[PDB]
Amino acid sequence: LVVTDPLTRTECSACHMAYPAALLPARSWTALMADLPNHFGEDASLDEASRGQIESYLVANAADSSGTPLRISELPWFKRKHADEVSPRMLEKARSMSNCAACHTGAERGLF
Ligand code: HEC
Ligand code: HEC
């Protein structure tokens with residue numbers, strides 16, 4: 001779906017779309033939030049209080065929440081579904097499978 005949390009939407013849309021919490025399990029969000037200085041080659045670090053607040057939201061709304069991958073793009077379903085649907089040229093043009101909006105026009109609205 002859609003990141004509604006203002007702090008998360010603000011801090012985590014700085015270099016890419018704000019990935020919805022529901023897309024990763026809690027342990028993956030915790031892992032990512034624990035090493036923001038070394039976040040996929042970039043320094044995404046935050047002040048501690050903010051880090052904990054964002055992490056709490058992500059964990060509470062995670063894929064395995066009530067009611068260790070680091071990438072959505074490495075999940076079993078993701079690999080399986082995109083293998084059929086994405087040409088090598090589509091991938092070349094989008095530059096990375098992380099760039100959901102290059103292919104999904106409604107990504108920022110939770111529409112895939
Ligand atoms: C720039 C300084 C960044 C900020 C701030 C945040 N992220 Fe990031 N993220 C960044 C890069 C360079 C990448 C790799 C992109 C690529 O093409 O390989 C990522 C990737 C992610 C991912 C993985 C996407 C995927 O392939 O499935 C996630 C889940 C992610 N980032 C989350 C995330 C969060 C929660 C952030 C705020 C704390 C955040 N990112 C900030 C660069 C930057
Ligand atoms: C182009 C290079 C793409 C990028 C980058 C991402 N996606 Fe994608 N996705 C793409 C296509 C052509 C399709 C098939 C469309 C169809 O209706 O059949 C998809 C499919 C999905 C789906 C649906 C999965 C299913 O159960 O069938 C989802 C949920 C999805 N894509 C999500 C997604 C995310 C989160 C991305 C960034 C991390 C992302 N996609 C990138 C093409 C491309």
Side-chain angles (χ1 to χ4, degrees), residues 1-65 67-88 90-91 94 96-107 110-112:
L1 194 55
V2 132
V3 175
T4 183
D5 188 59
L7 215 205
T8 302
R9 175 82 181 55
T10 291
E11 298 284 356
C12 298
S13 68
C15 303
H16 50 71
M17 76 172 279
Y19 298 114
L23 267 11
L24 289 174
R27 69 194 180 276
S28 294
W29 292 124
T30 290
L32 278 172
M33 297 300 294
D35 198 19
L36 292 174
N38 305 293
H39 182 75
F40 306 106
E42 309 208 342
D43 179 358
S45 63
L46 302 170
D47 68 276
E48 181 184 83
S50 287
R51 192 276 303 150
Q53 284 278 185
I54 292 165
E55 185 179 344
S56 169
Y57 164 82
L58 293 167
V59 167
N61 294 283
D64 60 346
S65 63
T68 297
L70 268 6
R71 292 178 171 270
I72 297 157
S73 67
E74 290 292 312
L75 293 172
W77 70 256
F78 189 103
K79 289 283 181 178
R80 173 170 79 249
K81 296 299 188 175
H82 288 89
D84 273 355
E85 294 289 345
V86 173
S87 88
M90 290 163 63
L91 169 58
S96 176
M97 292 307 299
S98 307
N99 188 8
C100 324
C103 298
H104 294 284
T105 55
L111 298 162
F112 299 93

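Just so you know, residue 1 is the first one in the sequence shown, and it goes up from there. Hydrogens, waters and symmetry mates are skipped; everything else that's a heavy atom, side chains included, is used.
Of all non-hydrogen atoms in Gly110 and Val2, the two that sit nearest each other are N-CG2, 3.7 Å. Of all the heavy atoms in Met17 and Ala107, the pair that sits closest is CE-O, 3.7 Å. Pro37 and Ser45 get closest at one heavy-atom pair: CG-CB, 3.9 Å. In terms of heavy atoms, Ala63 sits closest to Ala22 at CB-O, 3.0 Å.
Separation of atoms CH2 (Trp29) and CG (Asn61) is listed at 10.5 Å; rounding is to 0.5 Å. Distance SG/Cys103 to CE/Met90: 5.0 Å, rounded to 0.5 Å. The distance from atom CD of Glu11 to atom CG of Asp5, rounded to the nearest 0.5 Å, is 10.5 Å. Between the CZ atom of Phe40 and the CG atom of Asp35 there is a distance of 10.0 Å, given to the nearest 0.5 Å. Separation of atoms CZ (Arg9) and OH (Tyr57) is listed at 11.0 Å; rounding is to 0.5 Å. Remark: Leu36 CG to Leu46 CG distance equals 5.5 Å, nearest 0.5 Å.
With respect to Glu55 and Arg51, a salt bridge is recorded, a charged nitrogen being found less than 4.0 Å from a carboxylate O.
Relative orientation of the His104 and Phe112 rings is perpendicular, given thresholds of 30° and 60° on the angle between their planes.
Of the possible donor and acceptor atoms, none in the side chain of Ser13 sits under 3.5 Å from a partner among the backbone N and O of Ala18.
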Pair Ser96-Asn99, side-chain hydrogen bond (donor to acceptor under 3.5 Å, both in side chains): steps then yes or no: CA-CA 6 Å; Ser96 176; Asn99 188 8; over 6 Å; no
Between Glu42 and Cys15, is the side chain to side chain contact (heavy atoms under 4.5 Å, CB included) condition met? List the steps. CA-CA 10 Å; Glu42 309 208 342; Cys15 303; 4.2 Å; yes
Under the side chain to side chain contact (heavy atoms under 4.5 Å, CB included) rule, what do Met33 and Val59 come out as? Steps first, then yes or no, please. CA-CA 10 Å; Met33 297 300 294; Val59 167; over 6 Å; no
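Side-chain contact between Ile54 and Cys12 is present, with at least one heavy-atom pair separated by less than 4.5 Å. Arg27 has its side chain within reach of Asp64: a pair of non-hydrogen atoms, C-beta onward, lies under 4.5 Å apart. Within the 4.5 Å cutoff, side-chain heavy atoms of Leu75 are placed close to those of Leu24. Side-chain atoms of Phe78 and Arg71, non-hydrogen and from C-beta on, never get closer than 4.5 Å to each other.
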